[PDB]
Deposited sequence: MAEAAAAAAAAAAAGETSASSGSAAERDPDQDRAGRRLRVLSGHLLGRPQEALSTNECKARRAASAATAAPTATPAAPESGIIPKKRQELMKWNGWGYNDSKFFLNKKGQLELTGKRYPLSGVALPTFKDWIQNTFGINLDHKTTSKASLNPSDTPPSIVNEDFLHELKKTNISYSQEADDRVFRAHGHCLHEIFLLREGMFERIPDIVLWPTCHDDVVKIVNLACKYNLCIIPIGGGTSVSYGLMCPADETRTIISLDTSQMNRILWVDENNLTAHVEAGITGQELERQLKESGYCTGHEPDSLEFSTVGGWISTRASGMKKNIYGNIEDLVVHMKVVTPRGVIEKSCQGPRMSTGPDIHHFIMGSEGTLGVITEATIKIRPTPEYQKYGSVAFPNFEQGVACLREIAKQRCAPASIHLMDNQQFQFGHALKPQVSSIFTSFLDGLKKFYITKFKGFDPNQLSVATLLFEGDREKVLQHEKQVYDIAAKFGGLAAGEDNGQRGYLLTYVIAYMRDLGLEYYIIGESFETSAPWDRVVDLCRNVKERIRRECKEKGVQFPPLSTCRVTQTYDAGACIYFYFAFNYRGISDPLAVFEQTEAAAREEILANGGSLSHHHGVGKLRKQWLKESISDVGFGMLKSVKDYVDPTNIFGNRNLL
């Protein structure tokens, strides 16, 4: 769980995840994941090659510029640092298709000048003070999992850029059993956090698909949302306290009250601030007893529309299981071709379910969902379609790399939307993608798939996957980037949000002002100018 300083040792320098885990062909011509890390690791997938082929129509460095007297004072602190090219390049990007393309086939315009590794809050304080005194720029990094250009260094930033890496600041400080909270350092990952709590009988239940690398400070910065938010909350519900180092000083509430009325909630000034205001160093998070029992389920529907109506009714009755997804036909089959070993199969849709809690509770809940689903032509579809629909959110980032080795570019994007817009939004957005690809000269209809991933009282989170064979297409990236901007326009035109959880970074900046209004934007600017008047936190996300 602890990220070592030298990341490339165990992680891919040009891709998602670990070095020891990549899809290859076993000695039977079947796709299989390498290594021993996962459930699916070493598990052969007889059907997956046939799925790719049929679906896509295929066969199968800048110098370190640093002030010498700053550097001298930094030697005195004993904080570990690096000016090595591979360290700096590793931290120059997140996991946008664009950025991954560049790493494989080119170089970044700008990369951090030096990497620093504080181990505690006081080290962060020194670093922020040094950056004030010497006029440095700080971009914080935790997991490096940003999908929003949130870690990209601005091309024209001429100051020394410090990549402030939070990975060695990763302790559980205290677990409070009476209040059911855990106070942690911001660089701890989801994986390591859960491993450690579990040993004491607790969990956080915060499970973003990137939990392996993505950190507590990253979740707060980007307003992260987890797979089981229906039980545990999204990040804004989980956090009860935080400590933040800004150029102006340290933000921290004086007490750990569960809920306050003491003016506008300054925790909300920091959540969603995407590295632009300071460094979150410590956070207090709600914890829970480990669930007794878990069960997967799934449900088939005659079409997408009926499935959507069903999830809505589920949310209306306020009995969503720990997690419920709805997949459209394409994705269902994407998922179906992940197995080892009527209704109109064009439009047939599948919901996946995950229940957790005490056993007779789960079992009693499971019967309540199926009845509700019965009303909408849904029939129980069994456990293992359940399991593997989820593992489809979890390995996908491995698949994207595989895709790239065979001239396939793909990405995901998401929106939230009100319940009465979901059906039209999905249909119109998937179609917009097909139309744009045609018009740009893509020879094969792209993969254009969506799934509903979160329900709320007022609406849903919608996930989209988009991918095409770039065969005899001159410029594959830029076509892609244009198609994805068009899909955003389609999303906003259908009443969807700029983002549900990924965030804005530099990728969705141009839309922020209309989304939050001019004055809204102005309010954000005015906090930035007060807390960080010299713009030390100059990743230039959001504004």
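Visitor: What are the missing stretches of the deposited sequence, listed from start to end?
Guide: Absent from the structure are positions 1-80, 141-154, 436-456.
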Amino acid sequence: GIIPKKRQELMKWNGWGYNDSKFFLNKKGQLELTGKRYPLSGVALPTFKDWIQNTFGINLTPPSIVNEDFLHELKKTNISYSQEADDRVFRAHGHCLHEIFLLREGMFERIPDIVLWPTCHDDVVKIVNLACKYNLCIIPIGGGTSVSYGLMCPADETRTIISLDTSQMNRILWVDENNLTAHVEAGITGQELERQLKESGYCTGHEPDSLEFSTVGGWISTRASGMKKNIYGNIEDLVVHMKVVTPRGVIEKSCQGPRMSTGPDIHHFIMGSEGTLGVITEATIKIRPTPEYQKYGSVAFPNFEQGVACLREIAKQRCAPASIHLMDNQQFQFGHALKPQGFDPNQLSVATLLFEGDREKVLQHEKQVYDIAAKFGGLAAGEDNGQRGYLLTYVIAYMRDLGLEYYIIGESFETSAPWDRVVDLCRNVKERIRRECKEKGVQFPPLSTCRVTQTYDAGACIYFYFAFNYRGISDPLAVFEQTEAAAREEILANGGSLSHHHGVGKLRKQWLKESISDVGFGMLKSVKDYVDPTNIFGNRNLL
From here on, numbers count along this sequence of modelled residues.
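Visitor: Which wins on mean Cα temperature factor, 375-383 or 319-327?
Guide: In the deposited entry, the stretch with the higher C-alpha B-factor mean is 375-383.
Visitor: Of 439-447 and 115-123, which one has the bigger average CA B-factor?
Guide: In the deposited entry, the stretch with the higher C-alpha B-factor mean is 439-447.
Visitor: Kindly indicate the residue among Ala417, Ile235, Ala309, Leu103 with the greatest C-alpha B-factor in the PDB record.
Guide: Within the set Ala417, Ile235, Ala309, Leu103, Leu103 shows the top C-alpha B-factor.
Visitor: Choose from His95, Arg432, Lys286, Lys229 the residue with the greatest Cα B-factor as stated in the PDB record.
Guide: Highest C-alpha B-factor among the listed options: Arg432.
Visitor: Of the three thirds of its chain by CA temperature factor, lowest, middle or highest, which one includes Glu292?
Guide: As the PDB entry reports it, the C-alpha B-factor of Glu292 lands in the middle third of its chain.
Visitor: Using only modelled residues of the chain, where does the Cα B factor of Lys509 rank: lowest third, middle third or highest third?
Guide: Middle third of the chain for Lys509's C-alpha B-factor.
Visitor: Where does the C-alpha B-factor of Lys36 rank in its chain, lowest, middle or highest third?
Guide: For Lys36, the deposited C-alpha B-factor lands in the highest third.
Visitor: Going by what the PDB entry lists, where does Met152 fall on CA B-factor within its chain: lowest, middle or highest third?
Guide: Middle third.
Visitor: Give the position of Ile491 by CA B-factor within its chain, expressed as the lowest, middle or highest third.
Guide: As the PDB entry reports it, the C-alpha B-factor of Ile491 lands in the middle third of its chain.
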